[PDB]
Structure formats: structure tokens, C-alpha cells
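Labels for the chains are A, B, C, D, E and F, by order of writing; each one numbers its residues from 1.
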Amino acid sequence: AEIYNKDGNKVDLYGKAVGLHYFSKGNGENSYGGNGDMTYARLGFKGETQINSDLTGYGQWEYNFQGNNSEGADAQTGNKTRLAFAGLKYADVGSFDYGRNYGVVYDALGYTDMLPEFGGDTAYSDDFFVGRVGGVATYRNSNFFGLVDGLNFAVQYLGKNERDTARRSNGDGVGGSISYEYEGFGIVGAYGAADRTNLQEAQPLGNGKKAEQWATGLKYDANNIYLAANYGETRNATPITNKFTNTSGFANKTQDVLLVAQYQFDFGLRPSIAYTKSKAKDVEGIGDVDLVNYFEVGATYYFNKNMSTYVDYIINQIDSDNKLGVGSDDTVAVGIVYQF
Amino acid sequence: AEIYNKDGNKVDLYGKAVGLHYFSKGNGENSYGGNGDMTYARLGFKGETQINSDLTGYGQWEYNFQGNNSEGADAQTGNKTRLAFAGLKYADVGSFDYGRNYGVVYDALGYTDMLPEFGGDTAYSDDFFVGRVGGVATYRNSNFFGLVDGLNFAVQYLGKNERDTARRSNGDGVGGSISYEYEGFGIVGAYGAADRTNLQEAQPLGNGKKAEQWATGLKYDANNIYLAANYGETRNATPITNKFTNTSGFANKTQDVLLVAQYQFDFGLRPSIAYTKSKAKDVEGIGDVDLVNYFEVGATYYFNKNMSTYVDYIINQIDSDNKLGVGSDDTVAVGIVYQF
Amino acid sequence: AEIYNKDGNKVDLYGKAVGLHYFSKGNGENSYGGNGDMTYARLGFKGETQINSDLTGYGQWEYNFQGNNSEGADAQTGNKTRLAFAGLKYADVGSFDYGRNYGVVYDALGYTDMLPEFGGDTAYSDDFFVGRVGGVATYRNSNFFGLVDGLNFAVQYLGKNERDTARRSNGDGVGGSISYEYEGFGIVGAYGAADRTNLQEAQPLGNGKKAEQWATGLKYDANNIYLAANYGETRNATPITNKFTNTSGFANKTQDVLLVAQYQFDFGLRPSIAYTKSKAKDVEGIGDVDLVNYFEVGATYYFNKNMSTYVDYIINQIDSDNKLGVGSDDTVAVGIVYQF
Amino acid sequence: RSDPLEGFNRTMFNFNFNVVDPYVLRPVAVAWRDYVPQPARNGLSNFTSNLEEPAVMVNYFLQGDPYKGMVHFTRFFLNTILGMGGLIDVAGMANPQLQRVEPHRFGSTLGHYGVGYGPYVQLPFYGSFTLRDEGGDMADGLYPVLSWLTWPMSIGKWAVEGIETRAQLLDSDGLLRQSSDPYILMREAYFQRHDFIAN
Amino acid sequence: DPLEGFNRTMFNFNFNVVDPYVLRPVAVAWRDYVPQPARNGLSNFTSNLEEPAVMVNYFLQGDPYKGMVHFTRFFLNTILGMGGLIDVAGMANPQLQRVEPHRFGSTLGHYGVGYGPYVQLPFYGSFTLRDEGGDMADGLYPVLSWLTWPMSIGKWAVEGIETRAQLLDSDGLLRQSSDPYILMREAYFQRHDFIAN
Amino acid sequence: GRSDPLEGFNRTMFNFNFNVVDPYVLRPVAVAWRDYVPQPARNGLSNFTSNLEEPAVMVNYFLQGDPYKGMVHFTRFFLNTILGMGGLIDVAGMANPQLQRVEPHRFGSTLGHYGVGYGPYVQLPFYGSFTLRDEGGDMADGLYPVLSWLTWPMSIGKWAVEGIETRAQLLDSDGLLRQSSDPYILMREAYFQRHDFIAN
């Protein structure tokens, strides 16, 4: 991964090749995750230059190449650049980077996004502050200006991206986060709010001139044990799509709960269990409706730091007659992963 | 090029930049290969980690960036991932890798796929086991578990790809190959069979619930000399497209023959002559029709292992009145290649 | 960065991550540069193999990944390969490379293409010889075969590219350039001409069987000072677009002027002032009309060779009633750049 | 040691020792050692020993050893997907804490929580047999992997594993013929081995 | 020193009542409860509004170098450094190290202009016509032009409380001189002349 | 003593060439060449014309049963034509030394490879030496490509430019022939020594 390091500039070229397969009943239309080949590759660079004793400049870019497309018309399906940003870091004074980067509410949702293939269902991409989104400026500071140890905060700005689809668009916004970490334990909360595009407002599902997202998290991460839990709520932010009426939009509200427990055996296997529920509320023509509801059992075997393999079984507890159309069948994944 | 090798994992980031031009009559519409600018580049990585004395993990990704598009609307035309897989190699026990990778009947068709630009006409992409395909798990073992020397085999599972076009789709299938090589000589055979999707069945050309491909090869490879030959047959597998009626589908039967002879002069040139014919049979509304038919004279000059240039002339023996519309003009390609 | 250099072949894997934002009044549709997030990344390789004392083989490929798209349907908008070519450099006799590479009139237009973000308005991509173009063969020679020092020339052949849009198409053509460089001063001129596609001729705006582009430049590049000026004229080549009537095509003639002044302070700042005006002539139903017209004040801060930041203000001096529709509002861009 | 039906067992043991072995099993094992090649042999005994790996995991949990229990999950997982359905011991080649070990099925769970053998019995054609362990291990046949074996496959798995065992013993196959009472050895060996597993 | 009589009066009001009863208590509170990252984070921010004025003023003094130095300060600190809260330009170069500003007051004094009477105002402290009151010219053009009159009195006060704390040690060094009015007026002319020349 | 039937006619045509058409016509033109034409241009053109013969030299080496050399001269043509700007740059030869430009072996030598003989040695005015087997027998290569594509202007142009270069290079060795007893007998023995080497 680190393939260049000279004159204070060092460059990490990293990637992985993941052979993935999904097993679900029938064609997989009614699945948690779908069915068939899911193989993909990943490439990126993390660069970092030591300008002087205080200044470290950095930049990073990361792409997703799908292995499950044909070489014909569909070749580009699912291909996307994931991250692309540059920034500056000041000697225990903080850091600042602009570009396409993780939204701030992920600073809390990351606590539970530890599953072998799935989980982290609320960290939608291109969805205000819960996932990777374009055009964010981020101030972060670790150990509170050198004073308070283990106390991080971060504040972020969201520039409007008026795109072609309501789903991926967003208006101006701002958000922030604070965490404390002390001896294996961690607590974090984060909140963001932003204006909605006229496109998003003219949607059948969802109403409000402002979208809002918050989440809070606890973790214990020590002695081969990992336990984490997340609660958060959204108003006008989780993108939902009603399969019956073929409409898109957003949930006016959701309450979101996620939990994760994992052990790391010294012989290489890391089993994992998790529960995830996303309840939507005040939905146009439906009311209260579940979006995510499953238990998960999974494991990963680590051959070494570069080669691994995993299985991830989602016991989908969504109802069979879900008023929004969420798939109610289970999905189980098998993956083999070489990374560098 | 190997650009990383540290702590028991090594990474080869490799590529090429190929300047290509094709010359053929007029607009090139009736040519074997077309007409005009054909320049492309390639990038990929081969990674390989030494887990311990028995286990080697490996992964590989490879993309085709077309150099012949404008920076505008057509930029992505022809761009595609070629390979994306990971796997494990066991002592004498073999290897098993899953992902997007070469289909097993290429274990035989590669014998004749040795031309500077063209050739290998039967190793179609996204066509069951004869070219690269998505969702294959491949067991391979060389030297029969350490017993028989020079005896390799491989057995492959094909996960169905229900795509949007019949051309690129396939059903569940399985195949295999055995090769023996002893003192420059090599012999190989391979066979695979798989189901056709409903979409492939609802195509005008081609009928059958099951598609099948097999091929055989001889090769002599020693003392700067290379002679190789392939015979194979397909049922319901070769993609054909009737230019007159604007229909696609598959040829119900084809016989395929390929021959190649090349010498490697010490002053650098590797001339090559070759003959290729692929006759289809039982074609809806046509009957028997040729798909590939040419001789080739070509040559490659190697400056070193990094820089080369080639000319590849196809003496197209296809008729003026081919009932499917296959082009009847020659094509000659000229290339200069930087690779690493 | 040079990430491989062994056994007479060296490979430079280079890239950058550019956090970019453009500020323009309102939506930015009537702006010089638009409005919103402009972040992009770049990746490429530059490779070079030492065949022997006389022969150097080389290749190069460079891609533009947009950071300002979503991970959804628009993921590839603006993604493009910029360069992909290979060639040989001979002893004193010169060099020859074929592929997708810069057109020869850029041998002159680069003089003024020095702004932090904008400028270089006449070096259109996919536009005969003024920018990056596909299918060019280019002989270049430095110091006139070792005889006249600082005297370079280059001759280039443009193979027809009959693409789908008139904007990106072109016919067969040829061009050349001469530079003299002597102690901080440089003089350069270059000219090319090519046939226009039948599609290009069948455009409302622009007429002539032949497209033509020339440019001349003087530069002083010494003592932390950079001053350069460019004059050129095109016949039937500059792509123009009438926003009112929604037709495109070409300007039958344009006269083009660019000026650039920059100083490099030792503490890192490179202020920049520049003037650019490109006036079109004989435009169908309009007559004489401005295409580009601005002064620019901008600056770049160089932290080190790897990290920089810039602001680039275009004082857009173009009219409210431009008969072609060119936006008249200013644009100011802010960038942070990590490159390697 | 207690041995109630010792009278019956010895006659039924002699049937096994003096007729059903040298006339039937030992020639078959010679043929096996002579004709089946080694990659083929290790592929099957890994493959049959895989069908017990999920059961050996289940039974280790019931004893309160989630560690050992989670090892055998790893065996099954790695060897089934990567090891070509259990033919290749990818798990054994992987870690040493994952090396193939003797199965711990329901018999060991019973004896772990205090159960006895009652009487040692020896069956013709079958060999040594207890109620707790043999036949008590049949419980694992009622649930996944082993519930998927038809009684042809079940008697096939038993048979193939047995012929392999007999082939490995063809060298000691004779040091037992040189001992005063070979019933008491291949009765104490049964309890020596079955106690070690149960503890 | 014409108004030496009046000035000594307002200096007493300032030295002996408004400072030890008001300004100096308010400054003590500042020193104890405002955390350091906040304190220099705030004076980084207020002093950023003066950088475009200092750039304009060094141009008017014929020093394009220093003028573009202070441009760089503003540019680097506003854009990368969180709107002036973080001093990247200084972490960047030692030649970008913050120095005390040179505003229109200095441009007058560089081009030869004098002050007038040194006057001493209640609650303000020291005041001259050329420097104070001449620095108001920088109020007529951007960044400092965009400050509402509430924002100016806040910037005055925040800066005031900060400087007033950064003297709490040499507090007595003025209280321990025979004529502390004349030390305070000679320290003013030391600092204000040094800048213009 | 060699056998020279047309010795009388040839000796006359040689004096025309030595003593009148050269000092009055060719030799001034050659001085012009070296005085004004730059070297990159000069050896750039001898590379260019010697390329048009490379495919013919290839065919003729096959007809003489030396496919190795025959594939050398292919490589010369191929490399120098595509990469070397249509034959202007000797990229083959800069690449490998077995690819160095050598004297052509065309149909004349292929006839003589199979032992044909020259017939009477003639000298022609303005032409110089001519035999039936080699000069003019080399014309057979005009029947097949590259040389088949040359217009009769280009043919006489290639002839002339090659000739002016040869004559310019000889401008120093000039006096060594002006100081020899019987220069017709040297300049024809210099022909057969050269033409035998290629043919054998």
C-alpha cells in the first residue's frame, strides 16, 4: 500500500479484489440484499506530505469497480468514485479538508458499521450527513487542541448539490459531532440539518423545507471484544421508495436502532451478531412502516493482514406485507477478499 | 511492475499504452476489424500474499481504458473491467478463486490466441466458458497433486448472470479442462455446458434449453518455434448477429478451427502466419453460414520486454454475399506498445 | 511519483486530488465558469524504457475522475481519459509517438495556459490541434538534430475521427510548430489544417470544407517572472453554441488574444493577472460576437511540491446581450490541491 | 474393570477377529492401500470428517467451551467453501489451532455431564459399541449436515472411514496378534480412547 | 503636548478607577475562564479583518512585497484556516509570521504626515489624530467595510480584553514609576512611530 | 585479362562521362549538395530512398534461400517505415546491429546467385556502368510493391538524388582517379569487384 515515501511525501496506493456472491430465494427481488454475483474491486490513493513540523498536507481518492457487469452495454453499472478530497492538518490545532468525503453523522454511525458485508443500513450514500457526499468542508480536532485527551469534535459544511434526481440532491447545510474515548469505551453523538431541493419538496414521499439527522453511539473495543450500539432519528432525510405506487421520496421521520457484538479469536475467526431496525413514521399514505428489521450472524476468517474470507447471514424480520415494499426474504453472503 | 514487496505481501501494478490504427476499405463497415483509430491503455494489479508455507492468497483486477473516445458524451465507450477475482492456492492441492475471470474452455483456446492484434476469434467475452465471464469459481491443480508431472486440470462452476441483453447473459453451468505438456509439446481439451436464460431462448436465432462449448488443442513451443492448433464445437453458444434482418441470438452449431505458426528471430522480430475458420450450422432462415474465415500474415518486433511494435494483416476469405452480413474486406492493424 | 525504476524501465505513477468550488451569482448558468462544487481527481502513469543509447521507448496514460458526481446514475459524468499514447525517442534524430495526445497548436497555446484554474480558453479539447485530441502521430525534434540549440519543431498528422457529435469529430489533417528558446525568452508559432466531417459541414453555424488553426506566442520565463502572450486565428474550428436558438456548430473565423503575467514570491505566493479575448466572426445570423472576454486576478500558494491552494477570480468583461449567449457574470474559484 | 456381557462379546469379538477380518476387511484394506492413491485418500477422510464438523461444533457449545466450539465452525466454514466442499483442509493448512482433531459428538456431551456406558458390547461386522457413544452419537443424525445423509450414504460414510482406518493399521496389524488376550486390549483401548475424548 | 492638563485627568480616570475597578477585573475573568485555544483563536479571527487593509496600505507605501505577504495571510487564513480562526500562514512560512498591522495611520506617517496633540480619552485610553482616526480610512473598503457598528464595538472589546490581559504581569511596572502618565505616552510614541518608519 | 567485347564503345562513353559530363555537369551539382544541404537532411534522404528497395531486397533474399537475411530486411522496412517517419529515420539499426543498413541484394544478384553472368559489360553516357544481369535486371523488382508504386518522375528522382549523394561523398577521393594510368580499367574493375561481392 505505501509505495512511495521520499522528501516528506508518502503515497499509499491501496485496493482490494472481492469475489462476492449473494444467496437469496428465487430471483432475489424480495431479498434484503438481492441474489447473484456481487464481485467488485477497489482502488485508491492516500497521500500525505510533511510540509513542516506543524503542517501535513493530505489528499485521497477512492474508486469502486464492479466485477459483476458484462463487458458490453452495462459495463459501467455501479462504477463510481467514492472519495476525492484534499486538506491540511495543523500541529494539535486540527485539520481541514474539502471534497467528497464522509458526512459528519457517520462519526457516530461508524460505531455499528462493522459487519462482514451488510449492516450500517442508515449510512446512505448521497443522503445529507450520514454517508459519503460531495462538496463538504470539514474542520476536525483531536484531543481538543492538545488539552483534553481522547475528546474529538468535528464541524462540517454541506454545499448544495442540485442534481438531476431528488434522491441524490441536497441543499446548503451544516452539522457537527463530538466524541469522548477513554480506555476501550467510546461515546459519540452527531447532528446535521440542511435545506431540501425544490425537487425533493415536489416529491410524493416526504415534506418539510429542512432535512435533519442525528445519531448517538456507544462502543467497547478492547480485549478481542467489540460491542456497539446506535440510536438516531431522521426528519425528512431517509430516502424511501414505495414499490406499489412507484413513487420516491423521503421518510418524514424514522427512529433507528443498531447493535453489534463481535469477538476476535486468536486463531483467526471473528464472529459477529447484530440487530438493526429502522421504523419510519408519518409516511404519506402509510403512516408507520418498517424499513430495516433483521438479525445478523456472521464471521470472518483472517488468514493474515492481506487475505480474508467471510459469510454473512441476514435473518430478515421485515414483514411479508410491508406497506412500503421492503423485501422480506433472508439474504446470505459469501465473500473472499484479497486487499493491499 | 512489482512496486511493493514487504511483510509477506507483494503487489504488481501493471499496464500498457497501445497506439493502434486499423486500415480497411472505406468506412470499414465490411472489414474483419473495422477502420480507424483503435488506441487503448490498460491498468491492473496482481497481488499475492504468503500466509504460510501452504497457503498463498491472491487477487487481481484489470481494466480497459479506451484511448479512442472524446472527452465528451462518448467518453466511457468501451471501458470495462476485464478481471476481478480473489482466491487461495494450497500446497500441491491446487487453487480456488472466484469472481470475474477467464472461462475454462479458454484453457484450450489460448493455444491459438497468440496473434499480435487479432486471432482468438472464438474466445468471446461474456459467452459461458470461452472467454472472460462473471461469477465463476475455478478449482485448478497443476501436476496432479504432485503425482503426474506436467498434468494439469481445472474444474469450474458458472453462476448464472441474467443480464439485460441475451448476448451477455448465461445460466448455471460447469466445465473443466485437462492439459498435458511434455518437452515443448502440449495437448489440452476442455468442455463446459450451461443453461440458457429465458431471454436467450426468446431470441430469433438459436434454440435450446442448454448451451455447450468444447475445444481441443495441440501446441509445440520450443527453440524459438511456436506451432499450435485448436478444434472445437459450440451448441447454442456463439453469439451471431444477422446484419440484414437486424436480429441477434446464438448459432445452433459451429465448428471452429485455428492454426498458428511463429518463429522468434534473435534480432527481435516474431513473424506469424495463421488461419482461422468458424463455420456455423442450423442458423434460422439461413442454414450454414461462415462467421470467421481468414489467413493472417503478421509480425512483432520486440525492442525489449517493455517496448514493441507490430503489424497484423488479415487476408479475409469471407464472401461478398455472406448470408449473415459478416464483413468481407481485409483489415491491417499497426501498433506501438509501451507496457510495464 | 517514480514508483518503479529497475532493469532499464522506470514508471511514474502520478495523480492529484483537487478540492474545487466555483462561486458565481445565482445558479451560475450565466457565468463564465458555473457555480458549485468542482472537485476532481487525476491518475496517470508516465513510463519510459531505455532500449539502448539511441532508443528510448515511452508511454503515458492519464484519466480524469470527477469528484462532483453522486455514486448514483450520474457517476461517470465528466469522467474521461485525457492522454493515452506510446512512442520512441531517437538519439539526435527526434521522437515519434502515436495515440491520444495534445494537438500541435498547443505547442504555442500553452504559453498563456498558466492560470490557477481558468485561462487557456482557446485550447479546446477534441478540436483539431488546439487541445487534447485522439489519433495523432507526432514527430518532434529538439535542438535541430543537435545542431541549433533551443530550436525545436514538430509535425503532426490528424487521422479523421467521425464521431457522433459535430463538436468532437474531425477529418484527416496535418500541422506543425517551431519554437526558439534562448535565455528566458521563447518564440513559437504553429499551424494546422484538416478536413471537416460531413456532419460538421451539415451544421447551422460554420461552413467550409476545411478547418484551420494557427497561433503564435512570445514568452519570458526567467527570474521568478513569467510573461507570455498569444495571438492566433481559426477558420471553421472553434466550437460555438448559440444558447438562444439552441444550435451548435463552428465559428467561421476567430481572432484570439491571451496575455499572462505572474511573479513567484520566495515565500510561496504566485499572484496572477491575465487578459483573454476570443472574438468570432462571420457567424450565421449574428456576425461578429465575443466568445471569451475577461481579466483575471488570481494567486497560488505553494506549500511544497505536493500541496497548494489557489483562488482564481475572473472579472468577466462580457456583455449582457451577447447574441450567442455567453454568460456575463464573474466566476471565482477556490482550490486546494494535493498532487503526487 | 466391569464388563457384564464379556461372555457374549468375546465370541462376537472372535467372529470379528478370526473370520470377518482376515477373509473380508483385511484384503479389502490391502486393495485400498495398494490402489487408492494418497491425494484420493486424504480427500475423502477430510471430506467425511467434514460432515461431522458442524455437529462437533454444536456439541462443544453444550459443554460451555465456546472457544473450542468456535474452532470447529472455522474448520467447516473454511474447508467447505474454499476447500472444495471439504476435500481440502484449508483450515488445517491455515492455523495450527485449527488442525483436524477427533470428533466430539453427542456421546462426549453425555459423558461430560455424568453419563456412563452401562455395559460394553461388541457387535459382529460392527466391532466395539457402547450405548452412550455409538448409537448415542446417532443423535447428530437428526439435524443438519448429517440429517442430509440417506442410509446408503450413512453406511457408506461408516464403511469408507472404516476401510481407511484398517489400511492405516496394516503395520500394527499383527502386533495385536502377539498378545495374550487381544479382547482386553481392544476393549481397554476402546475405553482409553473414549474416556480421553469425553474428558 | 498641548492638552497635557486634560490628558493627565482622563489618564487618572483610566488608571485609578476604570481599569482596576472595571477593565482589569473583566480582563482577569478573561485570563481564567476562556481556554487558550479560544483566546488566540479569537485574536486570530479579529486581526484577519485587518489584513486586506494592511495589504492595500503597503501598496500605497510602495512595498508590494509586504503587501502581497499580507494578502497571503488573508487568503491562506480565511480559506484553509476556518475563516481566520487558524493561522496556517505562519505555520506555513516564518515570513508569514503575524506582525502588528500597518494601516492608513502609518500610510499618513510614512508619507510624512504628523499627528497633533496626544490626547487621552476616558474608557478609550490613548488617542492621536493621525493613527487612530486615520485608521478609520480602512473602514471605507472591503472586509473592514462589511462590519456593522455593533461588530466594530465587539471587535474593539474582544481585542481590548485580550491586550489588557497580556499586560497583567508588567501591571506594576507602570504603577512603580514616578510619572506613570509620561511612561504611558512615551510607550505610545515608541510603538506608533516604529510602525510608520 | 578480363573479357570486354564493347571495350571500344565503353572507353568512349567513359571519357564523355569522366572528362565532360562530370566536370561540367555532375560534379558542380555535387559540390552544391555538400555546400548547402544539411547532414540531418542528407542521411535522412539516403535512409528514405534505401527503404524503397528494402522490400525488394527481402523478396530477393527469399529467392536466394536466405530467409534469415530476408526477414532482416523486412524488419528494416517495417521499423523504418512506421516508426522511422516513412523511412527517414534508421530505427532498425539503431535497434539491433543485425538490422544495419547494407548494400541491396536485388534481382540482379538473385540471377547471379544462381550463376547467370553479365553478358557484355557496357558504359552508357549519363548512366555510367550498365550490365544486362544487374542494372536493368534489377528492373524486375520494379514489377512488385514499393518499387512498383514509383512514378517515372519518382524513379528518375530517386536515381538522381542517390547519384548526387554518391558523387558528393567521392569529392575527396576525386584526385586519386585523376592520377591513375588507365582509369577506365580501374572503374570497371571496381564495378565487378563490387557486383560480385553482392552476387556471391
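By definition in this document, a contact is a pair of C-beta atoms (placed from the backbone, for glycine too) under 8 Å apart; a residue touches a chain by one contact, two chains touch by 3 or more.
Protein identities per chain, from UniProt: A, B, C = Outer membrane porin F; D, E, F = ABC transporter permease.
J.: Chains shared as neighbours by subunit C and subunit F?
T.: Touches both subunit C and subunit F: B.
J.: Quick one: report the Å distance separating subunit B from subunit E, using the average Cα coordinate of each chain.
T.: Chain centres of subunit B and subunit E, defined by C-alpha means, are spaced 76 Å apart.
J.: For subunit E and subunit F, what's the span in angstrom between their mean Cα positions?
T.: 91
J.: Take the average of all CA coordinates in subunit B, do the same for subunit F, and state the distance between these two points in whole angstrom.
T.: Here the centre of subunit F sits 48 Å away from the centre of subunit B.
J.: Just curious, how far off is subunit C from subunit A if you go by their C-alpha centres, in Å?
T.: About 38 Å, centre to centre.
J.: Subunit D: which residues touch two or more other chains?
T.: 82, 94
J.: Residue numbers in subunit B touching 2 or more other chains?
T.: Where subunit B meets two or more other chains at a single residue, that happens at 3, 13, 51, 55, 76, 88, 303, 336.
J.: If I apply the definition of touch given earlier, which pairs of chains qualify?
T.: A-B, A-C, A-D, A-E, B-C, B-D, B-F, C-E, C-F
J.: Spell out the residues on subunit C that touch subunit F in their complex, using ranges where they run on.
T.: 51-52, 54-55, 88, 90-94, 96, 139, 144-145, 147
J.: Quick one: in the complex, what on subunit A touches subunit B?
T.: Subunit A reaches subunit B through residues 1-3, 13, 15-19, 21, 27, 36-37, 39-41, 43, 65-76, 303-307, 336-340.
J.: Provide the residue numbers of subunit F that touch subunit B in the complex, in ascending order.
T.: Where subunit F meets subunit B, its residues are 68, 71-72, 74-75, 78-79, 82-83, 95-96, 98-99.
J.: Could you list, by residue number, the parts of subunit E that touch subunit A in their complex?
T.: By the definition above, subunit E touches subunit A via 35-37, 80-82, 86, 88, 91-92.
J.: Along subunit A, where are the residues that touch subunit C in the complex?
T.: Interface residues on the subunit A side: 3-4, 6-9, 11, 13, 45, 47, 49, 51, 55, 57-61, 63-64, 76, 79-82, 84-88, 97-100, 125-126, 132, 134-135, 159-165, 167-168.
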